[PDB]
Every structure is written in C-alpha cells, then in structure tokens.
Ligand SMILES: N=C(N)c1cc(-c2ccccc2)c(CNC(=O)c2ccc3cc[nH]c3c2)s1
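Shown next as structure tokens: one chain only, the form deposited without this ligand.
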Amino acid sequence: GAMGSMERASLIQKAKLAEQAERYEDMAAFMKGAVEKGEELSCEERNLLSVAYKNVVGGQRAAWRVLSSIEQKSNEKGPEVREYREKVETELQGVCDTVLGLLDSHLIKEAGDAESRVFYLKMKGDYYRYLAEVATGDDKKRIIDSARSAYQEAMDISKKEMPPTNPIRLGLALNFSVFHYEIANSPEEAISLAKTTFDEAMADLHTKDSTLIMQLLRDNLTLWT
C-alpha cells in the first residue's frame, strides 16, 4: 500500500520524526507501514504503534463525546448535529477497524515472547471497547463478546507469566475493569478485579511508575463505590 515501497527502518525513523512533530496521523500511517512488513515488533516499536493509534483514536473519542453531549441538550431542532456526530463516529470506527486488522493479521500469533502476546490481546480489547462505546443493537452485542474474549485471554497469560507490578498486567486489569463497569454493565465483576489487582500489587510494592496505574486503579473505586 502507500508505504509498500519504503524500507522498514525508514518507516520506523519517520514514525519517530512524526512523534516529534506531533503528527499522529502520519505516525500511525508509518507504523501500519512497518507492521505490514511481516517482522515481529520490538518493545520499542510497539510503543510507537500504540502511542500513535492512541492519540489518533483519542481525539476522535473526544469529539464524539463533545458532540453526543450537544445531542443530549438537543432533546429539549435540526439534523445538523446528529449528521456531524455520525461523521465523526464513522471515522472512528474506521481507525478502530484498521488497528483491529493489524492485530488480527500480523501482530497476534500464538507464538511469541508472550509478555507481549498480552500487549496485543490487551490492545485488541481496548479498540473493541472503543467500538463498543459508540455501537448499538446486536453490533453492540457481538463487539462486547469480542472485547471479553480478548481481555480474558490476556488475563490468563498475564496471571500465569507476569509479576503483579508489570505496568502491562496493571494497565490491562485496569482496562478490563473499566470495561466491566462502563460497557458490560457488571460493577460486581468490576469492583472485585479492581480490588484484587490493586491488592496483590500493594503487596509486592517493595520491588515505581506502575504506581501511576495504581493511582488510577484506586481512583476508579472512589466513584464505583
């Protein structure tokens, strides 16, 4: 595709240039580029992937929210705001469906360092979650099953082979739980895991940046309870 002709290492250098210039569209395009090569990504590369995708989909989800909100106070008048809301909703689904293709097509295989098999399964759950935040109907149904399947296979792996301070295991559990509350409408399952996790981490805290996740991880229990 659009980067087919470019050397993998150049794609990677240009991702980094993009990041410096604050051009996440670019950065994501370059990374989709490298990924599409077929070489397994290093830890440092994967951080470029997620970071870029996250900022892109991030601003979309912002605008979506601004707009749904205006479409709430527009229920007490014109289609203009529903129309535009749908526009942004459609771009977002776009990016999600793209990132979800990378994971299904290249990144996830059932053969890898495993500490990152997680990173991907997690990423799969988050992007499927982002689709859930905007879907309706049976669409919303299936997407929910999917964020569950992934986030769960990522839990198994993270428990079995990851110490409970691993900012991966932390972040993952955090996410999976936000999903439990915000999406699947199951605050029992949500509170349990939010507690348990922050438990078994406050435990080995003796071994200092996972603490930021832990700040949030509890920060969430405030409102949940």
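Residue numbers run from 1 along the displayed sequence.
What follows is about the form solved in complex with this ligand, which we do not show.
When this ligand is considered in the deposited complex, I213 lines it closely, a heavy atom lying within 4.5 Å. The closest heavy atom approach of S68 to this ligand in the deposited complex falls outside 4.5 Å. Residue contact check for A184: none of its heavy atoms lie within 4.5 Å of this ligand in the deposited complex. Within 4.5 Å of some heavy atom of this ligand in the deposited complex lies at least one heavy atom of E44. Residues from 163 to 194 that approach this ligand in the deposited complex with a non-hydrogen atom closer than or equal to 4.5 Å are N166, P167, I168, in the order they occur in the chain.
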